[PDB]
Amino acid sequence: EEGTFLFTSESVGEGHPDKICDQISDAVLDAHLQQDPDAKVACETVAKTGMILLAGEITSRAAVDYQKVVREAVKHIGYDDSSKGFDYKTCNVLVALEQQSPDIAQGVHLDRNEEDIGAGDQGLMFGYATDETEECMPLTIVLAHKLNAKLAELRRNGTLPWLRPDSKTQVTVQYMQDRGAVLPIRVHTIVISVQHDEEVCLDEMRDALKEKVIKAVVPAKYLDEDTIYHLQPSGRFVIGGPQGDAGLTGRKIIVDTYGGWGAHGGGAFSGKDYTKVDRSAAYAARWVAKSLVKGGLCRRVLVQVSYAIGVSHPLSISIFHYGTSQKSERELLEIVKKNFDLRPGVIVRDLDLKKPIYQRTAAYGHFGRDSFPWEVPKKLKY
């Protein structure tokens, strides 16, 4: 049919080595915020065979047991034995952490009123919302996330005990163009790759991934005789987690956001306190986009903001409504300016960004779940 197109998004499981790093970075952030709500945290994680390395800058009054925080995060993910390729009990935890650069500290937050704190860096950030789901997220990324959540569920409840924590999923949806909005028609292609034990055969895994994972997640109305299934397409995935592939914090920024929809400014979320606008301004921009769609001002919208290090107010704000509003982009920009204050020192109050809830964000995407403050739309006056 004319007016239709394919769009592909991916997601990864909690044991994906990049996602291990995100969760550890946010476990460290949460440990600091639990004792010091004003902790300055820039914690990068690196994961390879037998190694978690923490690298970065933390200035905090907190007393944090990095060995305990890191190992407890790896335990939760499910890497608890050499047979699985990684073990929280016996892995190396290396720490290369120093205080925040005093040059950054003096430029950003020292002797500044909290509301008037400088952005922790320059950068650009986008928020996106789409009416194609209730949670205002693209169906492609929602389904990809849910397939990884289903794998973790069936691993943890023991129904597929051959599963290991490292997984990736990919969903291609055929969409109908609808006056600048998008309507999902069908699932065109699904990929699932998941780490597994040496006992289970490829046919058992492929049958289980179709019958127990895909059918348990993707509504039958989206699946048909033409839907393509790439299930364990590598043929073998015994070696996995950090052993199979080095992981780093902030290497899943598209999985973390909109699955390639909307736009991205390049900033990583995990391991960063609210003064890092890479996180706080991206959460705020999601909040603005979702408020515009839930407020009925547009079906689809993209918000861009940008900052300079040491400057409170955004340098630029931009609204792109994909032709899905009766109001002009200028009118929507004026509504945003009347209703939102995107200084990081105000966002922290509105979104409660000193609360140690960050490890919860670091798998299955930061947006479209659990009614986090940035997912509760603001009632707009105009």
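Numbers for residues come from their place in the sequence shown, where the first is 1.
Comparing the deposited coordinates for 255-263 and 219-227, the stretch with the larger average C-alpha B-factor is 219-227.
With 329-337 and 43-51 compared on mean CA B-factor from the PDB entry, the stretch scoring higher is 329-337. Of the candidates 282, 191, 298, 139, the deposited coordinates give 298 the top C-alpha B factor. Comparing C-alpha B-factors across 107, 127, 123, 241 in the deposited entry, the largest value falls on 107.
Sort the modelled residues of the chain by CA B factor and residue 31 lands in the middle third.
Residue 78: CA B factor lies in the middle third for its chain, per the PDB record. Sort the modelled residues of the chain by CA B factor and residue 90 lands in the middle third. For residue 278, the recorded CA temperature factor ranks within the lowest third of the chain's modelled residues. Annotation for residue 361: CA B-factor lies in the middle third of the chain's modelled residues.
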